[PDB]
Each structure stands twice: as C-alpha cells, then as structure tokens.
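Report on the following structure.
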Amino acid sequence: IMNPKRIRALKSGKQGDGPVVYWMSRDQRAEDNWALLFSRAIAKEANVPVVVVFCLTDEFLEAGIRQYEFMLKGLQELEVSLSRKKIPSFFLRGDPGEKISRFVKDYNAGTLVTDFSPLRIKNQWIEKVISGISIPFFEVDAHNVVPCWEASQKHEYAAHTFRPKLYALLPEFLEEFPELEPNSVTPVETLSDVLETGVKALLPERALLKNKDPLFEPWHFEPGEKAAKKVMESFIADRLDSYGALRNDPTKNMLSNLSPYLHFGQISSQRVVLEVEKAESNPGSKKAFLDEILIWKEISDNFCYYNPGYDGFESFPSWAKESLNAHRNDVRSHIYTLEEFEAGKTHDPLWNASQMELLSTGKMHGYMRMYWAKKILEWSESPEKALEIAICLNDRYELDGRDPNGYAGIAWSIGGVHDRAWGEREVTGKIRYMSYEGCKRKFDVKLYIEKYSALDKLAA
DNA sequence: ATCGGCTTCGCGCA
DNA sequence: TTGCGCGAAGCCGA
Ligand SMILES: Cc1cc2c(cc1C)N(C[C@H](O)[C@H](O)[C@H](O)COP(=O)(O)OP(=O)(O)OC[C@H]1O[C@@H](n3cnc4c(N)ncnc43)[C@H](O)[C@@H]1O)c1[nH]c(=O)[nH]c(=O)c1N2
C-alpha cells in the first residue's frame, strides 16, 4: 500500500497490544509524512490508536531563541493539527535514550516508529532506545524523496556520480501522498511552559544591539506547516520562473526560502518536487531548482550517513587534505578570532554585510554563504579553526542550522567535499577560490553592503 | 580503457 | 553588471 523501501527494521520482535507511537524527531509535520503514515498503517491493522511523542533536549541551549521559537511556535500548530484528527501528541523533556524508554514502558506501546536522520547524536539515541525496549522498532525516511540508504550504499564523490543513481530511482519514489486517516479508537509538561521556560533560559545569550534592542528580526519567516505551504505556493507562482537567472543575486530575493521549513520538517520536499513538477515554468529554472532540492539536499544526507566525522577536517577528500596541509605554515593576510567574525569586524565589508544578514534575518543568501565560509578559511590561523568557526556561526545563527545541509555545505566551502581541485593558491591551497572582484561582476555588491551597514556600527 | 566532464571559480574582452 | 572561452586541477565512471 505504501512503498516499503522507505522502512528499515531497527529492532524485531512481538507486537504489543498497545498504541502505535511515532517517535517524531526530524519531520515535525502532520501532512506528507511517510513516517506518521506508516504509524497509522500498522496501527490500523492492529485496531490500536496512533499517538505521537516528541522529546525536547538540552540541545536548544546550544543555539538561539530564534530557532527554539521557530520550532516551538511550530509544534503548537502541530498539536492542534494532530488533535483534530484524534492523534494525541506528548512532549517529553530530557534525554531521548532514556525517556523514550520510559514512555514505551509506561504506555505499553505495541510498536515504535521514528523518522530518519543522519546526525550522529540520533544514531546514539536509537541505540540507547533499542537496548532498553523489547517491542519492534522501525525507522522511515520521511525526509528524502528516495530513501537515503536506497539512493546509494556509499559516499558519493560528487553530484555527477550520485545524480544518475537518484533519477533512476525517482520514477518509483516520486508519488502522491495518501490522506492521514484519523484515529478510529480514541485513546509530560504543557507546550506553553516549555516555550517560556526555554526563553527565560536563553535570553541572556540573546544577540543585542548596542542599545539593548534584539538583533534578530522574527518577521521574515512565519513558522509553521500552514506557513510553509504558503511560502512554497507563492514561490512556485512568483519566483520559480526566475530562479535560474536571479538566484545568484543577493540583491534580489528570488530564493524559495524553504530551508528553515525543510530543516525542522515543517514541509516535505516531496510535496515540493511534486508541485514543482506539474508547474509550468521555465525548464531552465525547474531543473536548477529540482537539482538543489533533490541532488544537493540529498547527497547532503548521503554525506553525513557514510562519513561519521561529517564535521571534521578528516572527512575532506585526500587531495584537499594534502593541499591545506601543504599550506599550513603560510603567512595569512588577516587573522580573526571567532568573536571578530561574530560581530562582523573584518576588513572586508561585503563579508561583514553577510555577517549582518545572518545575524538579523536568520538566513544568509545561498550564494553569499559560499563567500562567507571561504574568507573564514583565508583569514583564520588554521583550517581546523576555520572549520570550527564556520560551524559554530552556522548553527548558532542560521534558522536552518544544525542540519546535514549545513555540515555538507561547510565541507564544500572549506574542504572541497563534492567539489573539485582548482588552481593552487597560498593559504587556501587548491580549494576553490572566491574574490570580492568576482562578486562585482555578478551582482551590485554596493547594494548588498548598503542594506546591512546600519547594524555593524551599533552591534556591540 | 581512458578520457571527458565536473554546482555556485576568476579573468580578460567584446 | 552580459556571455564566452580559457585556466588549473584530481578523479570518477562508462
Ligand atoms: C557556508 C554554507 C553553509 C550552509 C550551506 C551552504 C553553505 C555554502 N547550506 C546550503 C545552502 O546554502 C542552503 O540550503 C540554501 O541557502 C537554502 O536557502 P533557500 O531555501 O532559500 O535555497 P534555494 O531556494 O536556493 O534552494 C531550495 C532548497 O534546495 C536545497 N539546497 C539549496 N542549496 C543547497 C546546498 N548548497 N546544499 C544542500 N541543499 C541545498 C535546500 O533544501 C533549499 O531549501 C545550508 N543549508 C541548510 O539548510 N542549513 C545550513 O545551516 C546550511 N549551511
């Protein structure tokens, strides 16, 4: 009934006479969720209800109010969404490995389902969970069109080798979603406290302007499943046609803007591809866009899955390692610390501008992110430091941060992963180089700089 | 084979 | 700002 290559058995065994509970984690949405549909499926063939369980963890302390509210404001809207289909959602606070354990016990779950994520800490949690349960345990890729473990059984060296695999698998996986049928059988803190608690927890780290005013502008992106869908519709109707020709222009904003929604799972990219595919646009712009949400977004999962040190210098390709190592003792033009990068006090004002876009909006322009990471590698004392600075700023300040897409982007920029070797230079070696004067022939750099000049002088 | 083609490069010049 | 060919560069896969 559903394509069963989207399921992997974690733990086998006997079905409890209790509810089917979805350990929701990555795909925080009620529609177009292959994982919650699997849950409803084996629930219905069991005459049991489905419930959903979410577990909140101290990981929010590692980022910002901006993300925590994006996720929490979302989950309030999910709660109404599930409840109106008779699906209870329960919200746990703590370590999954040992609270999902207690839950499975306290409620005698018939079976357990979770979505798929390649992040290391999730594979730790699944382990702590299996060790402590005896009921079955399933994982479902609800996040990729083509399940990650089916797309490829190895690390793909680049897109041109991955892309033929994905598209061969595409006609059998690109399909429509079925309706989420409500519970036939009507079947731990409240959500409002966790929001306010967390906020009081994070306020003293809040980026403030020099006049105590918060730096973040929460209005560029309304959180939520509802909201996500208006973003994609308006993008397919207004911006898709221009995506190819205007995407590399930080002065326009012809991006789809879906990445904070995708990251928190508030929208499936399968619904997106689906709607794009029937859309009558420029074939140029579709291909470019399909390629970003399909090849690049998914090889970003393949990356982390097959490379446990996805955030490490060790996961760069051999040639990139030799090159950067050969240039470790090169004199650097400038050397900034994390904090000088952080507050945009470099000599480059294009760079500082993108540091200001990231600080205030929560979302740096896809093209600028690539310049940003490279001038970090140029102006830091070592690669490993460069890498560690760009991760830290990516996850602290991007709304889409803490994401497979993030590590594999940084790897690309600093370490050449999924890229190729270019003319050898000082410091950066054979890693692909970008310049301010290459930026000038592509967009009106002065316009970008002008937009974010009013922040730097009043940052501290 | 073994060779072309490779996300998002820079640069000069029309 | 446009595009177009060339440049330096390591390596996958048909
Ligand atoms: C230095 C640096 C740092 C990061 C990233 C790249 C670079 C160069 N990326 C990837 C990319 O920059 C990001 O996905 C886009 O900016 C998404 O913004 P839009 O949704 O507007 O993209 P746009 O509308 O152009 O593309 C649509 C979608 O395609 C996918 N996509 C586009 N560019 C991609 C890329 N380079 N890699 C993978 N998937 C891509 C994403 O799902 C994106 O939502 C990333 N992404 C992310 O979600 N979180 C992050 O924290 C980072 N970090």
Side-chain angles (χ1 to χ4, degrees), chain A residues 151-168 242-256 259 284-303 306-307 315-327 348 350-351 354 357 363-378 390 394 400 404-450:
Chain A
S152 180
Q153 281 68 35
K154 202 201 160 302
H155 154 88
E156 294 301 313
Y157 172 69
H160 68 81
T161 73
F162 180 53
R163 163 195 288 107
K165 298 154 179 257
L166 205 59
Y167 283 77
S242 305
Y243 185 72
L246 300 180
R247 61 196 168 100
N248 297 319
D249 195 344
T251 57
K252 321 298 203 308
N253 176 44
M254 292 292 110
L255 297 196
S256 80
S259 51
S285 271
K286 298 177 73 185
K287 173 147 184 255
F289 185 86
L290 281 173
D291 256 24
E292 297 290 340
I293 196 144
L294 274 181
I295 305 314
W296 286 109
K297 155 173 184 304
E298 290 211 22
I299 205 187
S300 284
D301 264 23
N302 168 285
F303 180 51
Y306 297 100
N307 292 86
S315 59
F316 296 172
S318 278
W319 66 265
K321 268 143 86 52
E322 313 195 337
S323 182
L324 297 182
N325 282 337
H327 292 272
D348 192 336
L350 185 42
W351 197 97
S354 43
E357 173 168 65
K363 178 151 180 312
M364 214 194 282
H365 192 261
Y367 189 90
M368 287 316 300
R369 295 202 210 191
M370 188 192 16
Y371 181 87
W372 181 86
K374 297 173 167 310
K375 299 303 163 182
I376 298 167
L377 168 74
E378 230 167 293
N394 183 94
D400 53 29
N405 272 6
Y407 309 106
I410 299 195
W412 188 87
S413 297
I414 290 156
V417 162
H418 293 142
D419 194 4
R420 59 182 183 95
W422 302 82
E424 174 155 47
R425 313 183 88 277
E426 267 153 26
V427 184
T428 48
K430 300 194 191 99
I431 299 310
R432 175 203 291 258
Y433 174 68
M434 286 178 90
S435 55
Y436 177 102
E437 302 68 353
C439 272
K440 264 211 314 216
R441 22 201 305 177
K442 300 192 198 154
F443 58 97
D444 184 339
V445 174
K446 284 180 77 60
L447 246 62
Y448 193 62
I449 274 150
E450 174 224 22

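Sequence lines set the chain letters: A, B, ... in the order given, protein chains first and strands last, and positions in each chain run from 1. Every heavy atom of this structure was used, including side-chain atoms; hydrogens, water molecules and symmetry mates were not.
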Measure the shortest side-chain to side-chain distance between A/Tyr436 and A/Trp351 over non-hydrogen atoms and say whether it is less than 4.5 angstrom.
->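 A side-chain contact under 4.5 Å is absent here.
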
Would you mind reporting whether A/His155 and A/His418 have side-chain heavy atoms less than 4.5 Å apart?
->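 Yes; the side chains approach each other to less than 4.5 Å.
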
Please report the C-alpha distance between A/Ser413 and A/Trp372 in whole Å, then the side-chain angles of each, then the deciding distance to 0.1 Å, and finally whether the side chain to side chain contact (heavy atoms under 4.5 Å, CB included) criterion is met.
-> CA-CA 9 Å; A/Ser413 297; A/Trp372 181 86; over 6 Å; no

Could you check A/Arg425, A/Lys430, A/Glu424 and say which one makes a side-chain contact (heavy atoms from CB on, under 4.5 Å) with A/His327?
->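 Of A/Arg425, A/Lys430, A/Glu424, side-chain contact (heavy atoms from CB on, under 4.5 Å) with A/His327 is met by A/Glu424 alone.
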
Could you tell me whether the sugar of C/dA8 is north or south, judging only by the sign of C1'-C2'-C3'-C4'?
->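 A south sugar, the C1'-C2'-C3'-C4' torsion of C/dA8 being less than zero.
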
Based on the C1'-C2'-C3'-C4' dihedral, does B/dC9 have a north or a south sugar?
->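 On the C3'-endo side: north.
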
Does the side chain of A/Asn307 come under 3.5 Å of the side chain of A/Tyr407 through a donor N or O and an acceptor N or O?
->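 Result is no, nothing qualifies.
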
Compute whether any side-chain donor of one residue and acceptor of the other, for A/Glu378 and A/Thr428, lie under 3.5 angstrom apart.
->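 No.
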
How far does the [atom1] atom of [N] sit from the matching atom of [M], given to the nearest Å?
N: B/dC11; M: B/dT7; atom1: P; result: 23 Å
N: B/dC6; M: C/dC4; atom1: P; result: 16 Å
N: B/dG5; M: C/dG5; atom1: P; result: 14 Å
N: B/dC9; M: C/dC11; atom1: P; result: 22 Å

Using a 4.0 Å cut-off on protein heavy atoms (strictly under), produce a 5'-to-3' string for nucleotides 7-14 of chain B with B for base contact, S for backbone-only sugar-phosphate contact, and - for none.
-> BBBSBBB-

Interatomic distance where CH2 belongs to A/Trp319 and P belongs to B/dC6 [whole Å] |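 Taking atom P of B/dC6 as the reference, CH2 of A/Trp319 is at 17 Å.
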
Starting from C1' on C/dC11, measure out to NZ on A/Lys430 and report it in whole angstrom.
->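 Rounding to the nearest Å, NZ of A/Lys430 and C1' of C/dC11 are 13 Å apart.
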
Base paired to B/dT8 (Watson-Crick or G-U; both N/O distances under 3.5 angstrom) =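 When the pairing criteria are applied, nothing turns out to pair with B/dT8, so the answer is none.
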
Return the nucleotide paired to B/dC3: Watson-Crick means purine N1 to pyrimidine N3 with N6-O4 or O6-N4, wobble means G-U with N1-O2 and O6-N3, both under 3.5 Å.
->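 Its partner is C/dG13.
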
